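S.K.: Those protein sequences? They're chains C, F, G, P, Z and R, same order as listed. For the first sequence, our numbering begins at 1 and goes up steadily by one. For the second sequence, our numbering begins at 1 and goes up steadily by one. For the third sequence, our numbering begins at 1 and goes up steadily by one. For the fourth sequence, our numbering begins at 1 and goes up steadily by one. For the fifth sequence, our numbering begins at 1 and goes up steadily by one. For the sixth sequence, our numbering begins at 1 and goes up steadily by one. Note that CB positions come from ideal geometry on N, CA and C, so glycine has one too. Have a look at the structure that comes next, please.
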Amino acid sequence: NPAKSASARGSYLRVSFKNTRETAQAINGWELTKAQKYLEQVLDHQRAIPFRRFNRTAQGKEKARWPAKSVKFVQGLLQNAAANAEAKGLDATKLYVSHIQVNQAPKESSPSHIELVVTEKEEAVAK
Amino acid sequence: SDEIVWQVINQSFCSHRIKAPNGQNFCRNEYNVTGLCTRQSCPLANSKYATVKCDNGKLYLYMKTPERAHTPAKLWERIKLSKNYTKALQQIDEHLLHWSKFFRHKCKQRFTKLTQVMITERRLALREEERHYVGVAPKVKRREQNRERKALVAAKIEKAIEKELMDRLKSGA
Amino acid sequence: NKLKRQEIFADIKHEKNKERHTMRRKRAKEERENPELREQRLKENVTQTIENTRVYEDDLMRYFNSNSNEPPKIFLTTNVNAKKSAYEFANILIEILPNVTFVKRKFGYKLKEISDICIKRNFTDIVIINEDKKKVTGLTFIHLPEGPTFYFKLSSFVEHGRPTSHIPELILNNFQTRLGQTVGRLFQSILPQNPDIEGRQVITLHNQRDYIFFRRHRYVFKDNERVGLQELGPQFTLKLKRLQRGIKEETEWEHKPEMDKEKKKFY
Amino acid sequence: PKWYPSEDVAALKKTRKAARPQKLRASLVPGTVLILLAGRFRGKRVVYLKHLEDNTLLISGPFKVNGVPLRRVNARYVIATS
Amino acid sequence: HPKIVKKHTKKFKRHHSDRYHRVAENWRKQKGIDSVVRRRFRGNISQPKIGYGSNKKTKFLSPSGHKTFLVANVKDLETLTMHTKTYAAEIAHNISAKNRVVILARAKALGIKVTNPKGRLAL
Amino acid sequence: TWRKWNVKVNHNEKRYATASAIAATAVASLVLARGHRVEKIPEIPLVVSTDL
RNA sequence: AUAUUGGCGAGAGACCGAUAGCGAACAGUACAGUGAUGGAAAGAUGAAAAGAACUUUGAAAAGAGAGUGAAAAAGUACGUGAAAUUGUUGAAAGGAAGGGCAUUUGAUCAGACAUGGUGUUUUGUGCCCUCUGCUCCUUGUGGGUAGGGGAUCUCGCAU
RNA sequence: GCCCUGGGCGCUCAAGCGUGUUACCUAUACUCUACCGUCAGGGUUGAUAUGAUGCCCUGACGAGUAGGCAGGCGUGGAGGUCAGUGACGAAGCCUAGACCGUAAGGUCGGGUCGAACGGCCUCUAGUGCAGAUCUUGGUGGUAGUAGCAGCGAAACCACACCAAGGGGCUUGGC
């Protein structure tokens, strides 16, 4: 439902495709504020981003790494999505990343296109 | 002659033949009793022929003889068929007296089929079918689909409903 | 040369984006110290949305619509040779319409015969859904006296809460135009006219350009003077058509494919 | 009846199959008690009254004893007691 | 009509048509002598042969019992007047919806069965 | 460029073909099968005055 | 009178169609070689630029709104967008997979605007009865078309 | 004569051995029937209640390398014909849709697409791909690895732990 969701897209970025995909998977489905806090902690090396497909530490209990370069772009895109939602007048607290995808961009380095969508959780329902 | 004409139309690209996937050569000529381009059925391959055709509601028994082959402008004569079925059948039989049984049978079958085709009148009498067949162009379909989505996106029905409810219950309870 | 054209414009767009970003940053920074300048610039720059660029009786209501003095009986049927989808839609029609009687199509009783029988039974309106494939495509509503009727196209039919037995509240939006308020009056006279607010059930009709969105929601208020709502199941959009103004005679507004070129006037 | 065939569908040949009365098995005799193997009254005990011309058996529960009314039944779905 | 006994309903597929994407599903006989399919070893895909020939009395007849006949216009449709039971009018995919309604009206008037009615039409 | 383009035809056979084509025009049924709308010609072969 | 793959200027092709046709449809150009020499890749937006005014997040990439436009599922990476390949949702299944014979379960698609035919009984009509006409050939077991009078009428149609 | 000395699971009045008498399972083997085609014969009109190049009856036959013969599917272009199809949508493409044929393929149902293409008799050939350590262009595992928090390949690529019988199908197990 467009009336309850916001979108943000980044194309032709130079971040590593595999690392970006791992970061997106590690953040898919998380709450917007919680996702931002997790990314900030990752930048602080307190938590690590799991690498389940493209690959041993205690941080991986929740095989992990700290892709700072990819995380920077991921958090920038998340901030852009939050700004779009604010422009749309959505409730930031209820916002959660419902869709996130990475696509290989034209070729050298391996650029990729990253797009994410945030949707408002349904609550306050009664007879 | 008929044999030369028959073989030329058969093996030398008759213009009005149609080839069905089943392998039957059809004949869309208006003057043929049967729509099959076989011998003794195609009017061009036989000097003597008989068929039933109609322009107005009246049905006519069309036949030709070698007396008019040299004059195509007067090739086919016609007679009112006396659309009473019982009278029409006997009139056709009398007109085709001494003709080949194939021609008589085919003419009778064609006349009966054309007479029973009057079901069109039955459907016309039982008119007022409200389905009203309508064709949708691809361009028209594109307009509704995308513009409807744009209107839904711009409408923001939830916000309007919330605003109306807030304005309604302010002094409505 | 393709390479020359692509290269020239590729660099041009990058420079244009750089200049735009720098100008926006400088404007924001200078406006932070001069808030009024931002307001003046916003006033001097209108977004020019399509909505902002739109290109420019009590007797009638009683005579051609139902009134509270007598609840309206609505006759519900389906076009001949109907199938499961039509009956499934008729189920929702029963669930939403006040007083409905379902009768199988007899395939031969003319529209005049149906109207005469309905008059004999004191029916108020006739509603018939029509299908081509296994999907609903159009809906019609006709009033018995004087035969005012409307035909609606159906699209985007989608089946999350369970509606209660309470009668939903009726709200109409964007029916300012004379033609629009006629459909609004039709909806206000075909749907229940007696609200039972207790139970927080609401039914809304929202037209934007030409399509009207019908949805049901539960509404709960909070101390913040705002009301939240939750989807109550089906999604519905309709498009008015053929505006017959009679049973089948004297069409007044019947839509034509040649329209919609103007992009505006939102009939 | 009177409409000439608008399409000459070939007529059927003279079938040499004369109808014959059903030759019921000797075990089936009037007044025999019958057990129904299928249908609404499956498993009920029924009395054999009369043979019908449609290859069915006219039977009765009797209706008063077990509620089975006069109905047609096929000999192949019935077991004949002694 | 005689029963339409389909000797082989399953569509024949070329050997390895699914193992490699470069091999089209269109049937092609194996030419190598060592090919197992050519020797029709047990368990291999069935090879088309004269045995699967359909009978003439039911060949080309659709399950409805009417033979398909492509129709381009009213003139072509009128040719099936004497063969309505045996033949059915099929509208070509390139026929615009404008002429489709006219063709369907004539078919209904003549009682000719339509294999793909209502195509491109809306009610 | 030295591929064969023209086909040698016996003059007698060429005259035979022309004569056969001319004769074929005398049959209305054969002409009708050719696709010409000659259904209304007063006479076949069509003869007109030299003033044409 | 004879030759003519160079030059200028013309008329044509059962010729080829951007991996073809001259190497070059936008090149003997970029490029490599001290050098003689070799030698490419690249066509199409959209009717027209009407080429996204304006708001808004970003040092920068470009995003979200908004609108132009028949279409932006045509946004100068632009006539159309399939495979190999890659990421997401869903279903399924788990030191392998792939195909054939027969079937269950799950999902899912078709599945007659068929609504008839026959004999009987009222009523209104016509090409039906009767009177009076006109018109085409040839001449014929015809066709076309008019003006007065009714329901002897089922000769057809509609009830 | 037998018993010790010289396929697995399994069995001992055997489920082992020799002989004797009956019940049964099957292969494309054989009988009949249902259908496709080849061959051989025959029927056919003062014209056929469907192209004498048509509609039929009868019997047998049907493997196959090289090779020979016959009947067809598809494409570029050309002569002819459909007073063909088509902005109310031609071609192409997609399609866990359907129909037709033994198949080359044709046709129709739904989505993108936009402006040309096709039903049929002939002529014409730069006419049909599964490979040629094949050419152009494109993309994967190798691999986020070797290597130089970040950047980042190359070779190679039909396919993926063992016991016995048999070069990596039979019977089983880490």
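1) Measure the alpha-carbon distance for residue 122 (chain F) versus residue 109 (chain Z) and round it to whole angstroms.
2) Taking residue 40 (chain G) as part of the alpha helix (DSSP H), name the residues at either end of that continuous run.
3) Could you work out which residue in F:52, F:57, F:70 and F:34 is closest to residue 63 (chain F) when comparing CA atoms only?
4) Out of F:26, F:93 and F:30, state which residue places its alpha-carbon closest to the alpha-carbon of residue 37 (chain F).
5) Cα-Cα, which of G:267, G:214 and G:257 is closest to residue 142 (chain F)?
6) Compare the C-beta of residue 46 (chain G) against all C-beta atoms of chain C and say whether one is closer than 8 Å.
7) Can you give me the C-alpha to C-alpha distance between residue 251 (chain G) and residue 141 (chain G), rounded to a whole angstrom?
8) Please report the residue range of the alpha helix (DSSP H) in which residue 63 (chain G) lies.
9) Which whole runs of the alpha helix (DSSP H) in the stretch 28 to 58 of chain P are 4 residues long or more, in chain order?
10) Just to confirm before moving on: does the CB-CB distance between residue 93 (chain G) and residue 150 (chain G) stay below 8 Å?
11) Quick one: is residue 126 (chain G) buried, meaning 16 or more other Cβ sit within 10 Å of its Cβ, or exposed?
12) Output yes or no for whether 8 Å exceeds the beta carbon distance between residue 34 (chain P) and residue 78 (chain P).
13) Checking contacts by CB at 8 Å: is residue 215 (chain G) closer than that to chain F?
14) Would you call the CB atoms of residue 201 (chain G) and residue 166 (chain G) closer than 8 Å?
15) Could you name the residues that DSSP lists as bridge partners for residue 123 (chain Z)?
16) Keeping to the same chain, check which residues put their C-beta closer than 7 Å to that of residue 179 (chain F); ignore five residues upstream and five downstream.
17) Please say whether residue 226 (chain G) and residue 162 (chain F) have beta carbons closer to each other than 8 Å?
18) Under a Cβ-count criterion, where at least 16 other Cβ atoms within 10 Å of its own Cβ denotes burial, should residue 108 (chain F) be classed as buried or exposed?
19) What three-state label does DSSP hand residue 27 (chain F) in the structure shown?
20) Find the residues of chain G that neighbour residue 118 (chain Z), judging by a C-beta separation of less than 9 Å, and give them in chain order.
21) Could you round the C-beta distance between residue 10 (chain C) and residue 90 (chain C) to whole angstroms and report it? I think they count as a contact, below 8 Å.
22) So, do the stretch 4 to 18 of chain C and the stretch 99 to 109 of chain C have three or more beta carbon pairs nearer to each other than 8 Å?
23) Evaluate residue 210 (chain G) with the Cβ neighbour count: other Cβ atoms within 10 Å of its Cβ, from every protein chain shown; 16 or more gives buried, anything less gives exposed.
24) Along chain C, which residues have their Cβ under 8 Å away from the Cβ of residue 149 (chain G)?
25) Less than 8 Å between the C-beta atoms of residue 139 (chain G) and residue 129 (chain G), yes or no?
26) Please classify residue 51 (chain C) as buried or exposed, where buried requires at least 16 neighbouring CB atoms within 10 angstroms.
27) Since residue 123 (chain Z) contacts residue 77 (chain G) with CB under 8 Å, what's their CB separation in whole angstroms?
28) Could you round the C-beta distance between residue 30 (chain Z) and residue 23 (chain Z) to whole angstroms and report it? I think they count as a contact, below 8 Å.
29) Can you tell me whether residue 2 (chain F) is helix, strand or coil according to DSSP?
30) By a C-beta neighbour count over all protein chains shown, 10 Å radius and 16 as the cutoff for buried, is residue 8 (chain Z) buried or exposed?
31) So residue 90 (chain G) is in the alpha helix (DSSP H); what residue range does that whole segment cover?
32) Taking all protein chains shown into account, do 16 or more other C-beta atoms lie within 10 angstroms of the C-beta of residue 89 (chain G), making it buried, or fewer, making it exposed?
33) Near residue 6 (chain Z), what residues of its chain come up, given a Cβ to Cβ distance below 8 Å and the 5 sequence neighbours on each side ignored?
34) Is there a Cβ from chain Z that is less than 8 Å from the Cβ of residue 88 (chain F)?
35) Where do the N-terminal and C-terminal ends of the beta strand (DSSP E) with residue 54 (chain F) fall, by residue?
36) Which runs of the beta strand (DSSP E), 3 residues or longer, sit entirely within the stretch 147 to 175 of chain G?
M.R.: Result, derived from the coordinates:
1) If you number the second sequence from 1, residue 122 (chain F) lands on position 122. If you number the fifth sequence from 1, residue 109 (chain Z) lands on position 109. Going by the C-alpha atoms only, they are around 10 Å apart.
2) What you label residue 40 (chain G) is simply residue 40 of the third sequence in a count that begins at 1. DSSP places residue 40 (chain G) in the uninterrupted alpha helix (DSSP H) bounded by 35 to 44.
3) By one-based count along the second sequence, residue 63 (chain F) stands at place 63. Distance check between residue 63 (chain F) and each of F:52, F:57, F:70 and F:34 places F:52 closest, using alpha-carbon atoms only.
4) Your numbering for residue 37 (chain F) matches position 37 in the second sequence. The residue with the shortest Cα to Cα distance from residue 37 (chain F) is F:26.
5) The residue given as residue 142 (chain F) occupies position 142 in the second sequence. Cα-wise, what sits closest to residue 142 (chain F) is G:257.
6) On the third sequence, position 46 is the one that residue 46 (chain G) refers to. No, residue 46 (chain G) does not count as interfacial toward chain C.
7) Along the third sequence, one-based indexing puts residue 251 (chain G) at 251. Along the third sequence, one-based indexing puts residue 141 (chain G) at 141. Whole-angstrom Cα-Cα distance: 15 Å.
8) By one-based count along the third sequence, residue 63 (chain G) stands at place 63. Its alpha helix (DSSP H) spans residues 58 to 64.
9) Uninterrupted alpha helix (DSSP H) stretches at least 4 residues long and entirely within the stretch 28 to 58 of chain P do not occur.
10) Along the third sequence, one-based indexing puts residue 93 (chain G) at 93. Along the third sequence, one-based indexing puts residue 150 (chain G) at 150. No, these two residues do not count as a Cβ contact at 8 Å.
11) One-based indexing of the third sequence puts residue 126 (chain G) at position 126. Counting the other CB atoms within 10 Å of its CB gives residue 126 (chain G) a total of 16 or more, which places it among the buried residues.
12) Within the fourth sequence, the letter at position 34 stands for residue 34 (chain P). Within the fourth sequence, the letter at position 78 stands for residue 78 (chain P). Their beta carbons are under 8 Å apart, which means residue 34 (chain P) touches residue 78 (chain P) by this criterion.
13) Against the third sequence, residue 215 (chain G) aligns to sequence position 215. Residue 215 (chain G) counts as touching chain F.
14) As a first step, residue 201 (chain G) must be located in the third sequence, where it is residue number 201. As a first step, residue 166 (chain G) must be located in the third sequence, where it is residue number 166. Cβ atoms of residue 201 (chain G) and residue 166 (chain G): closer than 8 Å.
15) What you label residue 123 (chain Z) is simply residue 123 of the fifth sequence in a count that begins at 1. Answer by DSSP bridge pairing: none, since residue 123 (chain Z) is not bridged.
16) Any property of residue 179 (chain F) remains undetermined from this structure, which presents chain F solely from 1 to 173.
17) If you number the second sequence from 1, residue 162 (chain F) lands on position 162. If you number the third sequence from 1, residue 226 (chain G) lands on position 226. Contact flag set, yes.
18) For the purposes of this step, residue 108 (chain F) is identified with residue 108 of the second sequence, where counting begins at 1. So residue 108 (chain F) ends up on the buried side.
19) Position 27 of the second sequence, counted from the start, is the residue given in the question as residue 27 (chain F). It is a strand residue.
20) Taking the fifth sequence and counting its residues from 1, the one referred to as residue 118 (chain Z) is at position 118. Simply 132 and 133.
21) The residue labelled residue 10 (chain C) in the question sits at position 10 within the first sequence. The residue labelled residue 90 (chain C) in the question sits at position 90 within the first sequence. Wrong, their Cβ atoms sit about 20 Å apart, outside the cutoff.
22) yes
23) Along the third sequence, one-based indexing puts residue 210 (chain G) at 210. Classification for residue 210 (chain G): buried.
24) Locating residue 149 (chain G) in the third sequence gives position 149, where the first residue counts as 1. Those do not exist, as residue 149 (chain G) stays about 33 Å from chain C at its closest Cβ, beyond 8 Å.
25) Walking along the third sequence from the start, residue 139 (chain G) turns up at place 139. Walking along the third sequence from the start, residue 129 (chain G) turns up at place 129. Yes, Cβ-Cβ distance for residue 139 (chain G) and residue 129 (chain G) is below 8 Å.
26) Sequence index remark: in the first sequence, residue 51 (chain C) carries index 51 (1-based). It counts as buried.
27) Taking the fifth sequence and counting its residues from 1, the one referred to as residue 123 (chain Z) is at position 123. Taking the third sequence and counting its residues from 1, the one referred to as residue 77 (chain G) is at position 77. Not quite, the Cβ-Cβ distance comes to about 16 Å (not below 8 Å), so this is no contact.
28) On the fifth sequence, residue 30 (chain Z) is found 30 positions in, with the first residue counted as 1. On the fifth sequence, residue 23 (chain Z) is found 23 positions in, with the first residue counted as 1. Rounded, the Cβ-Cβ distance is 11 Å, inconsistent with contact.
29) On the second sequence, residue 2 (chain F) is found 2 positions in, with the first residue counted as 1. Helix, per DSSP.
30) Here the question's residue 8 (chain Z) lines up with position 8 in the fifth sequence. Exposed, by the Cβ-count rule.
31) Residue mapping note: residue 90 (chain G) aligns to position 90 of the third sequence, counting from 1. First-last of the alpha helix (DSSP H) with residue 90 (chain G): 84 to 96.
32) Within the third sequence, the letter at position 89 stands for residue 89 (chain G). Counting Cβ neighbours within 10 Å, residue 89 (chain G) comes out buried, since at least 16 surround it.
33) In the fifth sequence, counting from the first residue as 1, residue 6 (chain Z) sits at position 6. Correct list, in chain order: 54.
34) Counting from one through the second sequence, the residue named residue 88 (chain F) turns up at place 88. By this cut-off, residue 88 (chain F) is not an interface position.
35) The residue you call residue 54 (chain F) lines up with position 54 of the second sequence. Start and end: 49 to 54.
36) 149 to 158 and 169 to 173
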